[PDB]
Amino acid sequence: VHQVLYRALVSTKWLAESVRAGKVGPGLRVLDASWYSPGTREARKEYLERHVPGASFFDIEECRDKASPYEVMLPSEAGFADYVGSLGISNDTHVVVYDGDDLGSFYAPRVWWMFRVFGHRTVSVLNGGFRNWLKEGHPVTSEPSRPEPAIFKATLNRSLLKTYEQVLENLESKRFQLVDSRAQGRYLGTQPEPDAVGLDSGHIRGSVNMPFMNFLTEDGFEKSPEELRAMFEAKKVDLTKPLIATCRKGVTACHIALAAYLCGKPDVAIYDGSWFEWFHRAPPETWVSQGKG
């Protein structure tokens, strides 16, 4: 359920002109969705110091199922709806998401997919991220944003989500191509999985690896659609066939979904449980690692 695709990328120039124009409001809401591993950057404090004028902080640590044993799992429809409503977002709002990643994108695609998986098509990511917004000198502020509340209705679009059981069945059916966006070393099992206890690295049998950072240019901009298409083809990923994206915790997998969407394939589903869930639930026979093990 959607044939003509709504823009998934907006430029810094466009967003800056919109903010100059007074467009932030019910029709346009801007989110910093940054999140960092423990012991590194301070997402909320960075947002407090420097944000696009009128933007809000989208707290992924809150906007998830807290009761799950697994990482960064979708909240319920109500939890999402209540949270986004509280940021002034309704079903008529154009949501623009950025993050402060050093290359140019990490969490923002996750948030773009969250809106889509909850039925909202009017969502985009800021091409080049906050990194480029800053480099180009666009306005930043520490003034508080206080959007008026709105009502949002969320409706899960199951086709854009996969469960553990569906990935396990797929091991057998081979119906979907399973593409993992984690860095190469962790995908192969030669580098450990971080921020976890006794979680081995490796990958689900039958997977293909497409490290997420390959999607962006060295400046942090999305690669062109011709470039993206060439990447999938060189990976033996056929865009005319079904595709499930997976990673550590369902976050960077959303960069595969974004890349495929800009190549005209909106149908990629995210395995939200991802490797973290897989390792904990699946028989070890279903995964491989170079060490090995």
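Note that residue numbering begins at 1 and tracks the sequence as displayed.
Mean Cα B-factor comparison, 105-113 or 76-84, giving the higher one as deposited: Per the PDB entry, the higher value belongs to 76-84.
Of 18-26 and 5-13, the stretch whose C-alpha atoms average the higher B-factor in the entry: Averaging CA B-factors over each stretch, the winner is 18-26.
Deposited CA B-factor, highest of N157, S124, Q177, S181: It is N157.
Out of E222, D99, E169, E136, highest CA B-factor residue: Answer for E222, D99, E169, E136: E136, with the highest C-alpha B-factor.
Where the record places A196 (Cα B-factor, split into thirds across the chain): Within its chain, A196 is a highest-third residue by C-alpha B-factor, going by the deposited values.
Ranked against its chain, the third holding the CA B-factor of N214: Lowest third of the chain for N214's C-alpha B-factor.
Lowest, middle or highest third - CA B-factor, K265: Its C-alpha B-factor belongs to the middle third of this chain's values.
CA B-factor placement of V237, once the chain's modelled residues are sorted into thirds: Highest third of the chain for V237's C-alpha B-factor.
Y164 CA temperature factor, ranked by third within the chain: Middle third.
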